[PDB]
Amino acid sequence: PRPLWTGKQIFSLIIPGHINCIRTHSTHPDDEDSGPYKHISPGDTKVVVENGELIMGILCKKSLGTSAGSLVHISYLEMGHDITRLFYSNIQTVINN
Amino acid sequence: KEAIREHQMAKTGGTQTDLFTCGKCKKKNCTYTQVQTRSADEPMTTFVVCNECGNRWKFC
Amino acid sequence: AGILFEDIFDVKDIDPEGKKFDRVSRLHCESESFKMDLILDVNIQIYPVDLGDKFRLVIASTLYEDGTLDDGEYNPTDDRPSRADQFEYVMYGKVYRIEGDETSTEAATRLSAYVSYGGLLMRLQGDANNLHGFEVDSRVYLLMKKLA
Ligand SMILES: [Zn+2]
């Protein structure tokens with residue numbers, strides 16, 4: 001009925017280039033991957049970034065923190081320091097506003 | 001001779017949790033780890049290991 | 001045309017595991033005349049849905065349905081060229097996963113299509129004959145209208 005956007009769309013606009021990354025949220029159940037609903041997540045606790053867009057998942061420490069394999073780490077290693085600096089500034093400004 | 005079994009094992013090795021059931025071999029004989037105190041991002045999360053099948057699953 | 005899929009579904013369960021989000025409820029549906037399983041996430045605040053509700057589901061590649069390709073950009077002022085506005089709930093999303101029950105030894109008999117509507121996820125299972133039109137990383141419009 002009315003045009004509504006989602007926060008994942010805006011953060012996908014924030015994500016630079018064509019970064020591909022898979023992380024998990026901190027509240028991810030250990031039995032979701034073994035059983036059904038592996039790729040159709042009930043709690044949205046599996047972060048999947050495909051072609052620079054945030055398909056699904058809830059971001060947290062484990063994807064945007066200072067840990068190996070994070071979204072920031074992959075962004076650095078795939079795009080460079082200039083684009084990662086712009087990524088940092090855009091995240092902070094948009095989310096703080 | 002059976003009593004000197006209990007006399008000289010010692011080493012205080014296992015903490016004897018026996019609480020978390022495994023997700024791979026379904027065995028509760030497990031031990032937990034408490035590391036990465038305070039700091040900027042990482043909070044204390046208990047890492048539990050099952051010894052028989054080697055499976056590790058986060059407390060979450 | 002561009003209509004990849006078209007059927008009428010019946011709501012069977014709403015949040016069977018429990019409510020995980022306030023404005024979004026996950027509903028499971030079984031179709032008729034095709035026997036299609038379906039899992040869909042909808043904005044329950046804007047569009048209320050009850051148990052036993054019947055709706056017509058249309059999966060379309062474009063809203064114009066005249067063969068005109070969409071640019072994927074929000075152009076609200078060009079509502080002129082006769083878009084499909086016969087449906088109450090319209091969503092936009094990208095299909096990201098296609099699953100097959102087969103082992104890729106002889107052929108494929110059933111397909112699962114996973115579409116993400118900006119984080120609102122949807123899985124549609126069934127036979128490959130009605131799921132042939134889905135191609136990974138394509139952009140897909142979802143249209144529903146509740147039936148009385
Ligand atoms: Zn280990």
# chains A, B, ... in the order shown; residues from 1 in each chain; ligands from 1
call {"tool": "residues_near_ligand", "arguments": {"ligand": "ligand 1", "cutoff": "10 Å", "atoms": "only C-alpha atoms and all ligand atoms", "output": "short mmCIF file (atom, residue, chain, number, x, y, z; two decimals) with N, CA, C and O atoms, in the first residue's frame"}}
result
data_model
loop_
_atom_site.label_atom_id
_atom_site.label_comp_id
_atom_site.auth_asym_id
_atom_site.auth_seq_id
_atom_site.Cartn_x
_atom_site.Cartn_y
_atom_site.Cartn_z
N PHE B 47 33.35 -21.23 25.53
CA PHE B 47 33.60 -22.15 24.43
C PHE B 47 33.65 -23.56 25.00
O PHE B 47 34.54 -23.89 25.78
N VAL B 48 32.69 -24.39 24.60
CA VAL B 48 32.53 -25.73 25.15
C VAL B 48 32.97 -26.75 24.10
O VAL B 48 32.70 -26.58 22.90
N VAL B 49 33.73 -27.75 24.54
CA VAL B 49 34.32 -28.76 23.67
C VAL B 49 33.88 -30.13 24.15
O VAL B 49 33.97 -30.43 25.35
N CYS B 50 33.42 -30.97 23.22
CA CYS B 50 33.15 -32.37 23.52
C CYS B 50 34.36 -33.20 23.14
O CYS B 50 34.83 -33.13 22.00
N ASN B 51 34.87 -33.98 24.09
CA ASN B 51 36.14 -34.66 23.90
C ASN B 51 36.03 -35.90 23.01
O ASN B 51 36.98 -36.22 22.28
N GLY B 54 34.91 -34.47 19.31
CA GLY B 54 35.66 -33.31 18.87
C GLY B 54 34.83 -32.12 18.44
O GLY B 54 35.40 -31.14 17.95
N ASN B 55 33.52 -32.16 18.62
CA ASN B 55 32.66 -31.07 18.18
C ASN B 55 32.77 -29.88 19.12
O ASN B 55 32.85 -30.04 20.34
N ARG B 56 32.78 -28.68 18.54
CA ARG B 56 32.79 -27.44 19.30
C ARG B 56 31.64 -26.56 18.84
O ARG B 56 31.49 -26.31 17.64
N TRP B 57 30.84 -26.09 19.79
CA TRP B 57 29.70 -25.24 19.48
C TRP B 57 29.66 -24.09 20.49
O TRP B 57 29.88 -24.30 21.68
#
call {"tool": "interface_residues", "arguments": {"of": "chain A", "to": "chain B", "cutoff": "12 Å", "atoms": "only C-alpha atoms", "output": "ChimeraX atom specification"}}
result
/A:24-35,45,60-67
call {"tool": "residues_around", "arguments": {"residues": "stretch 40-50 of chain C", "least_positions_apart": "6", "cutoff": "8 Å", "atoms": "only C-alpha atoms", "output": "VMD selection string"}}
result
(chain A and resid 1) or (chain C and resid 11 14 23 to 28 89 120 to 123)
call {"tool": "select_by_dssp", "arguments": {"residues": "chain B", "states": "strand (DSSP E)", "output": "PyMOL selection string"}}
result
chain B and resi 30-33+47-50+56-58
call {"tool": "closest_atom_pairs", "arguments": {"of": "chain A", "to": "chain C", "cutoff": "9 Å", "atoms": "only C-alpha atoms", "output": "tab-separated table"}}
result
residue	atom	partner	partner_atom	distance
A:1	CA	C:89	CA	6.3
A:2	CA	C:46	CA	8.5
A:5	CA	C:118	CA	7.8
A:6	CA	C:118	CA	6.1
A:7	CA	C:118	CA	8.2
A:8	CA	C:118	CA	6.2
A:9	CA	C:118	CA	5.9
A:39	CA	C:114	CA	8.0
A:40	CA	C:121	CA	6.8
A:41	CA	C:121	CA	8.1
A:42	CA	C:20	CA	7.8
A:43	CA	C:20	CA	6.4
A:44	CA	C:119	CA	8.4
A:50	CA	C:96	CA	8.5
A:54	CA	C:119	CA	7.9
A:55	CA	C:119	CA	6.0
A:56	CA	C:119	CA	5.2
A:57	CA	C:119	CA	7.6
call {"tool": "select_by_dssp", "arguments": {"residues": "stretch 4-41 of chain A", "states": "helix (DSSP H, G or I)", "output": "tab-separated table (two decimals) with N, CA, C and O atoms, in the first residue's frame"}}
result
chain	number	residue	atom	x	y	z
A	7	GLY	N	16.09	-1.43	6.25
A	7	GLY	CA	17.44	-1.04	6.64
A	7	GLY	C	18.52	-1.83	5.93
A	7	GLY	O	19.63	-1.32	5.71
A	8	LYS	N	18.22	-3.07	5.55
A	8	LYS	CA	19.18	-3.87	4.79
A	8	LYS	C	19.44	-3.27	3.42
A	8	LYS	O	20.57	-3.35	2.92
A	9	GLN	N	18.43	-2.65	2.80
A	9	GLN	CA	18.62	-1.99	1.52
A	9	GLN	C	19.58	-0.81	1.64
A	9	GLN	O	20.49	-0.64	0.81
A	10	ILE	N	19.41	0.00	2.68
A	10	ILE	CA	20.28	1.16	2.87
A	10	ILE	C	21.69	0.72	3.22
A	10	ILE	O	22.67	1.30	2.74
A	11	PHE	N	21.83	-0.33	4.03
A	11	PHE	CA	23.18	-0.77	4.35
A	11	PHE	C	23.83	-1.46	3.15
A	11	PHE	O	25.06	-1.44	3.03
A	12	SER	N	23.04	-2.07	2.27
A	12	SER	CA	23.57	-2.59	1.02
A	12	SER	C	24.07	-1.46	0.13
A	12	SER	O	25.06	-1.62	-0.60
A	13	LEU	N	23.38	-0.32	0.15
A	13	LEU	CA	23.92	0.86	-0.51
A	13	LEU	C	25.22	1.33	0.13
A	13	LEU	O	26.10	1.84	-0.56
A	14	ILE	N	25.33	1.18	1.45
A	14	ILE	CA	26.57	1.55	2.14
A	14	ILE	C	27.72	0.64	1.74
A	14	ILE	O	28.87	1.08	1.59
call {"tool": "residues_around", "arguments": {"residues": "residue A:19", "least_positions_apart": "5", "cutoff": "7 Å", "atoms": "only C-alpha atoms", "output": "MDAnalysis selection string"}}
result
chainID A and resid 49:52 75
